[PDB]
Amino acid sequence: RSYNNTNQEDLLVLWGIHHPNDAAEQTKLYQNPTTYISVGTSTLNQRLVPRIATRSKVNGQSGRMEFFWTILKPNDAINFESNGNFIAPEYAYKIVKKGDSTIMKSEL
Amino acid sequence: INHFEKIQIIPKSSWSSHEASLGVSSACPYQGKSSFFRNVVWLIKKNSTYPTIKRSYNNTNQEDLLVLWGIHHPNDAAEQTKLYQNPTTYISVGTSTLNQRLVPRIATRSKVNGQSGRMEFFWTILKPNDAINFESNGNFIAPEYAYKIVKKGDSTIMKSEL
Ligand SMILES: *[C@@H]1O[C@H](CO[C@@H]2O[C@@H](C)[C@@H](O)[C@@H](O)[C@@H]2O)[C@@H](O[C@@H]2O[C@H](CO)[C@@H](O[C@@H]3O[C@H](CO)[C@@H](O)[C@H](O)[C@@H]3O)[C@H](O)[C@H]2NC(C)=O)[C@H](O)[C@H]1NC(C)=O
Ligand SMILES: *[C@@H]1O[C@H](CO[C@@H]2O[C@@H](C)[C@@H](O)[C@@H](O)[C@@H]2O)[C@@H](O[C@@H]2O[C@H](CO)[C@@H](O[C@@H]3O[C@H](CO)[C@@H](O)[C@H](O)[C@@H]3O)[C@H](O)[C@H]2NC(C)=O)[C@H](O)[C@H]1NC(C)=O
Ligand SMILES: *[C@@H]1O[C@H](CO)[C@@H](O)[C@H](O)[C@H]1NC(C)=O
C-alpha cells in the first residue's frame with residue numbers, strides 16, 4: 001500500500017506493529033508464523049519485526065503495541081509492505097511548523 | 001542510593017536441565033583456577049542439548065529490583081554448536097514495560113584477555129509486584145543475584161586516586 005502526498009504541506013503519518021504473546025497467538029491473528037512490516041519514504045528505510053517474549057499484563061494484555069511516525073514531505077510517497085502484525089494508518093495529520101515551544105505540565 | 005541489598009533470585013542449583021558449573025574462562029581467573037562473574041551464570045548445554053529455558057521471577061519484595069543478565073556473542077558456528085548445541089538462538093526478556101529479544105552476533109574479533117568472544121550485558125528495574133520472564137534456547141548469561149534499590153536523590157561519579 002503506497003500513499004502519495006498530493007497536499008501542499010508536510011504530513012505526520014503514524015503506524016504500528018503488534019508484538020504478540022506466543023507463536024499460538026501469532027498464528028491465530030495473522031496466520032503467517034514469521035512476519036515483517038517495511039516502510040519506505042525518500043528518507044525512511046525501515047523493516048520492523050514482531051518480537052515474541054512473555055510479559056506482565058497491563059490492562060489485561062500481555063501483548064504490546066509499538067508505534068512509529070514520520071514526516072512525509074509534499075510530493076513524496078510512503079510505501080508499506082506487511083505480511084502480518086501491521087497496525088495501519090487510516091488518518092494522518094497535515095502540519096506546518098513556523099516555530100517551537102515545549103510541553104507544560106499544569107493541572108489548571 | 002538510599003538502600004542497596006544483594007539478594008538471590010535464581011539459585012545456581014535450580015538449573016537441572018543445563019550445566020551451571022562449566023561457565024568459566026581463564027580471562028576471569030580467581031585463585032589460579034579459571035572463574036567468572038559471580039552474580040550471573042554462564043549456562044552451557046547438558047549432554048549435547050540446550051532445552052528451551054523458561055524462567056519467571058516475581059518481585060515479592062517491597063522495593064525496586066536492579067536485575068542484570070547478558071548474552072554470549074561467540075566466534076564461529078563451530079563454537080556456537082560446541083557451547084549451546086542449537087545453531088540459531090535467542091534470549092527474550094519480558095517485564096510490564098520491557099519487550100526484548102536478543103540475538104547472538106557472530107563476527108571474528110581481536111583477542112582481549114585471550115578471548116575473541118564477547119559478553120554483552122543488559123539491565124532493568126523490576127518494580128514491586130512485577131515479574132520478569134526469561135526465555136532462551138542458548139547463549140544466555142542468566143542472573144543468580146539481583147539488587148534491591150530505593151533511590152531518593154542523585155549525584156555523579158567522581159574520578160579520584162585518593
Ligand atoms: C506523487 O504524485 C505527483 C503527482 O502525480 C500526478 O498526479 C496524480 C494525481 C497522478 O495522476 C499521477 O500519476 C501523476 O503523475 C508526482 O509528481 C508528478 O510526476 C510526474 C511524472 O511521474 C510529472 O509528470 C511529468 O511532466 C513533465 C512536464 O511537466 C514531463 O516532462 C514528464 O515526462 C512527466 O510527464 C508531474 O509533473 C509531477 N507533478 C508534480 C505536481 O510534481 C510525484 O512524482 C509522485 N510521487 C513520487 C514518489 O514520485
Ligand atoms: C506477583 O505475585 C503477587 C503475589 O502473589 C501471591 O503470593 C505468591 C507468594 C504466590 O502465592 C502467588 O500465587 C500469589 O498470587 C501477585 O499479586 C497477587 O495477585 C493475586 C491474583 O493473581 C491476588 O489475589 C487476588 O485477591 C483478590 C482479593 O484480595 C481476589 O479478588 C482475586 O480473585 C485474587 O485472588 C493477590 O491479592 C495479589 N497480591 C498482592 C500482594 O498484590 C502479582 O500479580 C504477581 N505478579 C504478576 C505479574 O501478576
Ligand atoms: C545422554 O543422552 C543420550 C541420548 O539421548 C542418552 O542415551 C544418555 O543416557 C544420556 N547421558 C546419560 C549420562 O544418561
# chains A, B, ... in the order shown; residues from 1 in each chain; ligands from 1
$ residues_around --residues "residue 22 of chain B" --least-positions-apart "5" --cutoff "9 Å" --atoms "only C-alpha atoms" --output "NGL selection string"
:B and (42-44)
$ closest_atom_pairs --of "chain B" --to "ligand 3" --cutoff "9 Å" --atoms "only C-alpha atoms and all ligand atoms" --output "CSV"
residue,atom,partner,partner_atom_place_in_ligand_line,distance
B:46,CA,ligand 3,1 (C),8.2
B:47,CA,ligand 3,1 (C),4.9
B:48,CA,ligand 3,1 (C),7.2
B:49,CA,ligand 3,2 (O),8.3
$ write_last_selection --atoms "N, CA and C atoms" --output "PDB file, in the first residue's frame"
ATOM      1  N   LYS B  46      23.820 -29.473  28.334  1.00  0.00           N
ATOM      2  CA  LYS B  46      23.881 -30.635  29.211  1.00  0.00           C
ATOM      3  C   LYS B  46      23.679 -31.884  28.348  1.00  0.00           C
ATOM      4  N   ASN B  47      24.703 -32.735  28.260  1.00  0.00           N
ATOM      5  CA  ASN B  47      24.637 -33.966  27.467  1.00  0.00           C
ATOM      6  C   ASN B  47      24.159 -33.635  26.042  1.00  0.00           C
ATOM      7  N   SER B  48      24.820 -32.668  25.408  1.00  0.00           N
ATOM      8  CA  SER B  48      24.583 -32.315  23.997  1.00  0.00           C
ATOM      9  C   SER B  48      23.133 -31.850  23.762  1.00  0.00           C
ATOM     10  N   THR B  49      22.587 -31.014  24.651  1.00  0.00           N
ATOM     11  CA  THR B  49      21.215 -30.484  24.488  1.00  0.00           C
ATOM     12  C   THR B  49      21.002 -29.246  25.371  1.00  0.00           C
TER      13      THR B  49
END
$ interface_residues --of "chain A" --to "chain B" --cutoff "6 Å" --atoms "only C-alpha atoms" --output "NGL selection string"
:A and (53-56)
$ residues_near_ligand --ligand "ligand 1" --cutoff "9 Å" --atoms "only C-alpha atoms and all ligand atoms" --output "compact mmCIF listing (two decimals) with C-alpha atoms, in the first residue's frame"
# COMPACT_ATOMS: atom_id res chain seq x y z
CA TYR A 3 0.35 6.80 -0.46
CA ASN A 4 1.40 9.98 -2.36
CA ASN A 5 1.40 13.35 -0.51
CA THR A 6 -0.70 15.31 -3.03
CA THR A 41 9.96 7.10 2.08
CA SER A 42 12.58 9.18 0.20
CA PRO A 74 4.90 17.28 -0.15
CA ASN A 75 5.05 15.12 -3.33
CA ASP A 76 6.82 12.22 -1.58
CA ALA A 77 5.14 8.81 -1.15
CA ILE A 78 5.21 6.28 1.69
$ closest_residue --among "A:94, A:100, A:79, A:64" --to "residue 16 of chain A" --atoms "only C-alpha atoms"
A:64
$ closest_residue --among "A:103, A:92, A:52, A:58" --to "ligand 2" --atoms "only C-alpha atoms and all ligand atoms"
A:58
$ select_by_dssp --residues "chain A" --states "strand (DSSP E)" --output "count of residues only"
41
$ closest_residue --among "B:50, B:145, B:57, B:30" --to "ligand 2" --atoms "only C-alpha atoms and all ligand atoms"
B:57
$ residues_around --residues "residue 124 of chain B" --least-positions-apart "2" --cutoff "7 Å" --atoms "only C-alpha atoms" --output "JSON, numbers by chain"
{"B": [66, 67, 68, 126]}
$ write_last_selection --atoms "N, CA, C and O atoms" --output "short mmCIF file (atom, residue, chain, number, x, y, z; two decimals), in the first residue's frame"
data_model
loop_
_atom_site.label_atom_id
_atom_site.label_comp_id
_atom_site.auth_asym_id
_atom_site.auth_seq_id
_atom_site.Cartn_x
_atom_site.Cartn_y
_atom_site.Cartn_z
N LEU B 66 17.13 -4.11 40.81
CA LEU B 66 18.03 -3.98 39.66
C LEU B 66 18.44 -5.39 39.21
O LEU B 66 19.19 -6.04 39.91
N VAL B 67 17.97 -5.83 38.05
CA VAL B 67 18.35 -7.15 37.56
C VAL B 67 19.30 -6.99 36.37
O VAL B 67 19.12 -6.10 35.53
N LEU B 68 20.29 -7.88 36.31
CA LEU B 68 21.31 -7.89 35.25
C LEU B 68 21.32 -9.28 34.60
O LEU B 68 21.31 -10.29 35.29
N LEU B 126 13.03 -3.70 38.12
CA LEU B 126 11.84 -4.51 38.24
C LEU B 126 11.00 -4.00 39.41
O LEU B 126 11.34 -4.20 40.58
#
$ closest_residue --among "A:21, A:60, A:49, A:104" --to "ligand 2" --atoms "only C-alpha atoms and all ligand atoms"
A:60
$ residues_around --residues "segment 11-13 of chain B" --least-positions-apart "3" --cutoff "8 Å" --atoms "only C-alpha atoms" --output "ChimeraX atom specification"
/B:8,16,20,41,144
$ write_last_selection --atoms "C-alpha atoms" --output "PDB file, in the first residue's frame"
ATOM      1  CA  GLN B   8      19.369 -14.373  45.339  1.00  0.00           C
ATOM      2  CA  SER B  16      18.510 -29.083  36.461  1.00  0.00           C
ATOM      3  CA  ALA B  20      25.897 -24.108  35.526  1.00  0.00           C
ATOM      4  CA  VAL B  41      25.797 -17.762  35.491  1.00  0.00           C
ATOM      5  CA  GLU B 144      21.789 -15.503  40.100  1.00  0.00           C
TER       6      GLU B 144
END
$ closest_residue --among "B:141, B:127, B:9, B:28" --to "ligand 2" --atoms "only C-alpha atoms and all ligand atoms"
B:127
$ residues_around --residues "residue 47 of chain A" --least-positions-apart "4" --cutoff "7 Å" --atoms "only C-alpha atoms" --output "count of residues only"
4
$ closest_residue --among "A:59, A:27, A:13, A:67" --to "ligand 2" --atoms "only C-alpha atoms and all ligand atoms"
A:59
$ residues_around --residues "segment 107-112 of chain B" --least-positions-apart "3" --cutoff "7 Å" --atoms "only C-alpha atoms" --output "ChimeraX atom specification"
/B:75,115-116
$ select_by_dssp --residues "chain A" --states "alpha helix (DSSP H)" --output "number ranges by chain"
A: 23-30
$ write_last_selection --atoms "N, CA, C and O atoms" --output "CSV table (one decimal), in the first residue's frame"
chain,number,residue,atom,x,y,z
A,23,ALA,N,3.7,-18.0,19.6
A,23,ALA,CA,3.5,-18.5,18.2
A,23,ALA,C,2.0,-18.9,18.0
A,23,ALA,O,1.5,-18.7,16.9
A,24,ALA,N,1.4,-19.4,19.1
A,24,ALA,CA,0.0,-19.8,19.0
A,24,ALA,C,-0.9,-18.6,18.8
A,24,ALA,O,-1.9,-18.7,18.0
A,25,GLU,N,-0.6,-17.4,19.4
A,25,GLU,CA,-1.4,-16.2,19.2
A,25,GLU,C,-1.0,-15.6,17.8
A,25,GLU,O,-1.8,-15.0,17.2
A,26,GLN,N,0.3,-15.7,17.4
A,26,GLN,CA,0.7,-15.2,16.1
A,26,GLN,C,-0.1,-15.8,15.0
A,26,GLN,O,-0.7,-15.1,14.2
A,27,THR,N,-0.2,-17.1,15.0
A,27,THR,CA,-0.9,-17.9,14.0
A,27,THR,C,-2.4,-17.5,14.0
A,27,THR,O,-3.0,-17.3,13.0
A,28,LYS,N,-2.9,-17.5,15.2
A,28,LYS,CA,-4.4,-17.2,15.4
A,28,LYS,C,-4.7,-15.8,14.7
A,28,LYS,O,-5.8,-15.7,14.1
A,29,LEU,N,-3.9,-14.8,14.9
A,29,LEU,CA,-4.2,-13.4,14.5
A,29,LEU,C,-3.9,-13.2,13.0
A,29,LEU,O,-4.6,-12.5,12.3
A,30,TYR,N,-2.7,-13.7,12.6
A,30,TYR,CA,-2.1,-13.3,11.2
A,30,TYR,C,-1.7,-14.5,10.4
A,30,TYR,O,-1.2,-14.3,9.3
$ atom_distance --atom1 "atom 43 (C, counted along the ligand's line) of ligand 2" --atom2 "atom CA of residue 71 of chain B"
27.8 Å
